[PDB]
Amino acid sequence: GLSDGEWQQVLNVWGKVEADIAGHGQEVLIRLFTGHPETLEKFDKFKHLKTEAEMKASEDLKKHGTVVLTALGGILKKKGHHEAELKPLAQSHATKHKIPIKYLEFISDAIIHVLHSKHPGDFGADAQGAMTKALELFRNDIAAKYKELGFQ
Ligand code: HEM
């Protein structure tokens with residue numbers, strides 16, 4: 001649960017992402033894969049990437065970063081009223097992709113890391129607080145659907 005002022009911070013931060021969605025999405029995925037190599041094994045279409053240079057050169061990885069961040073941005077713009085947008089993603093990630101909730105924690109922290117890396121000194125303490133709370137709400141509502149499905 002976020003206040004109006006917190007949602008305003010989230011959507012202000014998101015404007016930074018929307019100016020270069022593919023570059024942000026690329027770096028989020030590279031941070032996830034290099035920090036947590038077990039996550040790469042969930043992607044049949046990326047498991048061939050062995051080095052970070054290959055990851056950086058991959059146009060399909062940048063494409064997938066755009067897909068991921070476009071979906072997240074659509075959810076965030078709902079300011080918590082995201083049941084319809086979140087349900088299919090929870091269902092596909094539990095039943096088809098088999099993504100443990102831990103990996104959604106990993107990607108949440110990776111988003112925070114990338115924002116500081118690309119906007120150093122321009123991602124203030126209030127903005128980090130609000131973004132973190134928004135990613136926690138997203139993860140928590142996915143977790144409720146995972147529990148319904150019995151997925152661990
Ligand atoms: C911010 C969180 C994330 C968002 C918004 C997101 C969004 C999406 C979207 C929109 C798709 C395509 C449609 C679908 O299959 O439902 C997708 C596919 C996928 N997601 Fe996620 N995702 C997230 C986190 C992750 C994480 C943490 C993992 C794994 C570590 C992951 C693994 C996958 C895989 C395996 C696919 C299928 C890729 C394919 O082969 O083309 N997702 N995701």
# chains A, B, ... in the order shown; residues from 1 in each chain; ligands from 1

$ residues_near_ligand --ligand "ligand 1" --cutoff "8 Å" --atoms "only C-alpha atoms and all ligand atoms" --output "PDB file with C-alpha atoms, in the first residue's frame"
ATOM      1  CA  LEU A  32      20.307 -10.677 -12.776  1.00  0.00           C
ATOM      2  CA  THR A  39      18.478 -17.613 -13.235  1.00  0.00           C
ATOM      3  CA  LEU A  40      20.006 -17.973 -16.703  1.00  0.00           C
ATOM      4  CA  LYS A  42      15.401 -20.797 -16.751  1.00  0.00           C
ATOM      5  CA  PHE A  43      15.805 -19.228 -20.217  1.00  0.00           C
ATOM      6  CA  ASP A  44      16.252 -21.785 -22.947  1.00  0.00           C
ATOM      7  CA  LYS A  45      16.905 -18.898 -25.331  1.00  0.00           C
ATOM      8  CA  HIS A  64      13.370  -9.383 -23.846  1.00  0.00           C
ATOM      9  CA  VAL A  67       9.163  -6.931 -22.977  1.00  0.00           C
ATOM     10  CA  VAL A  68       9.806  -7.306 -19.236  1.00  0.00           C
ATOM     11  CA  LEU A  69      10.028  -3.610 -18.438  1.00  0.00           C
ATOM     12  CA  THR A  70       7.038  -2.741 -20.645  1.00  0.00           C
ATOM     13  CA  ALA A  71       4.962  -5.206 -18.635  1.00  0.00           C
ATOM     14  CA  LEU A  72       6.223  -3.875 -15.309  1.00  0.00           C
ATOM     15  CA  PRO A  88      -1.622 -13.838 -16.237  1.00  0.00           C
ATOM     16  CA  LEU A  89       1.960 -13.050 -15.289  1.00  0.00           C
ATOM     17  CA  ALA A  90       1.658 -14.878 -11.976  1.00  0.00           C
ATOM     18  CA  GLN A  91       0.057 -17.822 -13.762  1.00  0.00           C
ATOM     19  CA  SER A  92       2.631 -18.068 -16.541  1.00  0.00           C
ATOM     20  CA  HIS A  93       5.545 -17.670 -14.162  1.00  0.00           C
ATOM     21  CA  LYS A  96       4.964 -22.565 -17.450  1.00  0.00           C
ATOM     22  CA  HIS A  97       8.251 -20.865 -16.604  1.00  0.00           C
ATOM     23  CA  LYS A  98       8.505 -22.241 -13.033  1.00  0.00           C
ATOM     24  CA  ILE A  99      10.095 -19.118 -11.567  1.00  0.00           C
ATOM     25  CA  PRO A 100      10.457 -19.223  -7.763  1.00  0.00           C
ATOM     26  CA  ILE A 101       9.471 -16.070  -5.895  1.00  0.00           C
ATOM     27  CA  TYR A 103      14.048 -14.847  -8.375  1.00  0.00           C
ATOM     28  CA  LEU A 104      11.472 -12.028  -8.344  1.00  0.00           C
ATOM     29  CA  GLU A 105      13.229 -10.708  -5.223  1.00  0.00           C
ATOM     30  CA  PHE A 106      16.525 -10.906  -7.150  1.00  0.00           C
ATOM     31  CA  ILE A 107      15.168  -8.910 -10.097  1.00  0.00           C
ATOM     32  CA  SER A 108      13.625  -6.337  -7.766  1.00  0.00           C
TER      33      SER A 108
END

$ residues_around --residues "residue 138 of chain A" --least-positions-apart "2" --cutoff "10 Å" --atoms "only C-alpha atoms" --output "list in words"
residues 72, 75, 76, 80, 82, 86, 104, 108, 132, 133, 134, 135, 136, 140, 141, 142 and 143 of chain A

$ select_by_dssp --residues "segment 12-135 of chain A" --states "alpha helix (DSSP H)" --output "PyMOL selection string"
chain A and resi 12-18+21-35+52-57+59-76+83-95+101-118+125-135
